[PDB]
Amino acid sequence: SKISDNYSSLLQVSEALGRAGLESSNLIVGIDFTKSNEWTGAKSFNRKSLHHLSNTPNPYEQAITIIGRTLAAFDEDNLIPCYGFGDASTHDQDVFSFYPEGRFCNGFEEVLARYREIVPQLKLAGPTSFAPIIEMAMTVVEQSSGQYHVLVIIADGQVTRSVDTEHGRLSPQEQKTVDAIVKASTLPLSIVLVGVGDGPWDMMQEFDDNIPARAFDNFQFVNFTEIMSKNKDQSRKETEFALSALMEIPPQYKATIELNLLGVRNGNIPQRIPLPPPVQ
């Protein structure tokens, strides 16, 4: 069933997590390194690459930063596995871990630092699929033996789609992504898409609201550009962000219990091996 925006404040969300008795959670981060990032900054990052490093922070650095300031409490041990996808070394088939022997980022300061160190060494490629990053998350959950996890994907939302194709027929990248979201709902996993750049967002919204085959609504879309573009205080922007990111988490947590996913090994999850970071 679909999960609406049931909470109008961060406070309501924390109470809702309180009533549901959330005691433990961990984060997983995935980062879109596809070529489309070079042109989805046309309006919102002044015709620059969304991954372009400079004196100003790019939307990815901004999103990492706010995630660290608003969501760090939801990773119980401050160690965050981070993965990249869609560069020339992974295309639409694989992900790579930020560090060689899969070692984790200690805190989101290191996530930000490691991102900065990695990105200019990457050939941004494609095609764009969320299938590998979601399948990587699935493997992290299955290996922890059903420990509750939130996958945060920071991306520009431009999954390789058909066009024009009226049809209702899906590109392989889109179909595999939907298949992964469906399969993911056999595990105690929440997905939050932090959308950066110009969009368009119709497809992310469809992942958010309309996938009939999945066991429960396991996917939330946060339009990061739209929240940051508001004429509000920085403190109010972070609250709006945290509220958007967490909106579906209490019902999703509860759903993992009602559907008997939490703490349970599914036994039917392919083990995805991350590639090493393609760097020096």
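In case it trips you up, residue 1 is the first one in the sequence shown, and so on.
- The records show that residue 145 is omitted from the coordinate set of at least a third of the other eligible entries of this protein.
- Checked against the record, the higher mean CA B factor of 189-197 and 99-107 lies with 99-107.
- For the pair 232-240 and 57-65, the mean B factor over Cα atoms is greater in 232-240.
- Residues shown: 129, 139, 147, 162. Highest C-alpha temperature factor in the entry: 162.
- Residue 184 sits in the lowest third of its chain by CA B factor, as recorded in the PDB entry.
- When all modelled residues of the chain are sorted by CA temperature factor, residue 135 is found within the lowest third.
- Among the modelled residues of the chain, residue 157 sits in the lowest third by CA temperature factor in this PDB entry.
- For residue 274, the recorded CA temperature factor ranks within the lowest third of the chain's modelled residues.
- Ranked within its chain, residue 212 lands in the middle third, by CA B factor from the PDB record.
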